[PDB]
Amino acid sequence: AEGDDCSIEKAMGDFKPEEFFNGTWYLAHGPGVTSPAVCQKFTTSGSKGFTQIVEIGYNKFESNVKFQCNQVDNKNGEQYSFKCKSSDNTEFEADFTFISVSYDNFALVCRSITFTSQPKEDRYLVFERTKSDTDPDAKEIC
């Protein structure tokens, strides 16, 4: 939200990237919101790590769009940056600063999304390992 700055944050250090970039994580922007859903497939520049992040409630995304994100070398300082491209050819960069994470439960993360359009946007998000029922099954959306 306006005031948050992932740039001046501090990553968790003991973060093992491959325990995270593996599997499916569900991310809702609020208890209620269930639309739009959008599936993002992440690939870490290294050991593949085809992670499916199902994001829900983000008004900036279209409901029937898929994103293919590939890891880049940008933002070397304790930050994992990804360039995402979509079915509608949207494109934006997403940087993740991992704050706290239990690779099998949930993870608090500071995210900076930079759409080619209006750049700079920081928000503390929580990635869940368990689907909150109302969430679309990753298999359906991805």
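Sequential numbering from 1, following the sequence displayed.
- Annotation for 99-107 versus 77-85: the higher mean temperature factor (C-alpha) is found in 77-85.
- 19-27 and 130-138 differ in mean CA B-factor, and the higher of the two is recorded for 130-138.
- The residue among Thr44, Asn59, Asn64, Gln40 whose C-alpha carries the highest B-factor in the deposited model is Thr44.
- In the PDB entry, a CA B factor belonging to the middle third of its chain's modelled residues is recorded for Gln52.
- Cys69 sits in the lowest third of its chain by CA B factor, as recorded in the PDB entry.
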